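One structure is given here, and the rest of the page talks about it.
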Amino acid sequence: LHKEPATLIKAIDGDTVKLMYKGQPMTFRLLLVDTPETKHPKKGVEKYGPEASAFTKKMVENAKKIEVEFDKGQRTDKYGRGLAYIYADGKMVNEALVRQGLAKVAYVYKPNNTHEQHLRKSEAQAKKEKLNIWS
Ligand SMILES: Cc1cn([C@H]2C[C@H](OP(=O)(O)O)[C@@H](COP(=O)(O)O)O2)c(=O)[nH]c1=O
Ligand SMILES: [Ca+2]
């Protein structure tokens, strides 16, 4: 996998952010995780939804550099959102969320699962420390 630069446009929620990529505005959906819903009515505003959003926001807004890393399978989901691992000053947002108990490992679709084990170890640690979601 290779990282490429992107510029923040706006953080939408814990797992969705709008970025300028290759000179174009796009919405990215974080690969392999799911932060609680703050938007869809069919879901409501789930617990930690707001916390997860704040965490991501803070993380991307305060970063010097943002980078996107596409996996080896499809790069967009059926809604047209780019599917990537996003890094803030070299720190993976996807993992930071899981490590804090602010997201669960979800939507594992081969071959897009290069960092699945890594994300899975962080999640177990978050679970064993009973953080947020796991509290
Ligand atoms: C993360 C991810 C989500 N999606 C789809 C699965 C879900 O579709 P459905 O809308 O049918 O549930 C949705 C989850 O996104 P959200 O958490 O943003 O709702 O996005 C993919 O297709 N591939 C992915 O890699
Ligand atoms: Ca979500």
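Residue numbers for the sequence shown follow mature numbering (1 follows the signal peptide of the UniProt record, and there is no 0), so the first one is 63 and each next one is one higher. Note that the Cβ used here is the ideal one computed from N, Cα and C, for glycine as well.
key: Proximity of residue 90 and residue 122 at Cβ, strictly below 8 Å   = no
query = If we count Cβ pairs, one from each stretch, closer than 8 Å, do we get three or more for the region 111-125 versus the region 135-145?
reply = no
request  = Tell me whether residue 81 sits in a helix, a strand or coil according to DSSP, three-state version.
outcome  = strand
query = Does any heavy atom of ligand 1 sit closer than 7 Å to the C-beta of residue 32?
reply = The displayed coordinates of the chain run from 63 to 197. Any statement about residue 32 would go beyond what the structure contains.
ask   = Taking 7 Å as the cut-off, is the CB of residue 140 close to at least one heavy atom of ligand 1?
value = yes
task = Would you tell me roughly how many angstroms separate the C-alpha atoms of residue 101 and residue 76, rounded to the nearest one?
result = 11 Å
request  = May I ask whether a heavy atom of ligand 1 can be found less than 7 Å away from the beta carbon of residue 174?
outcome  = yes
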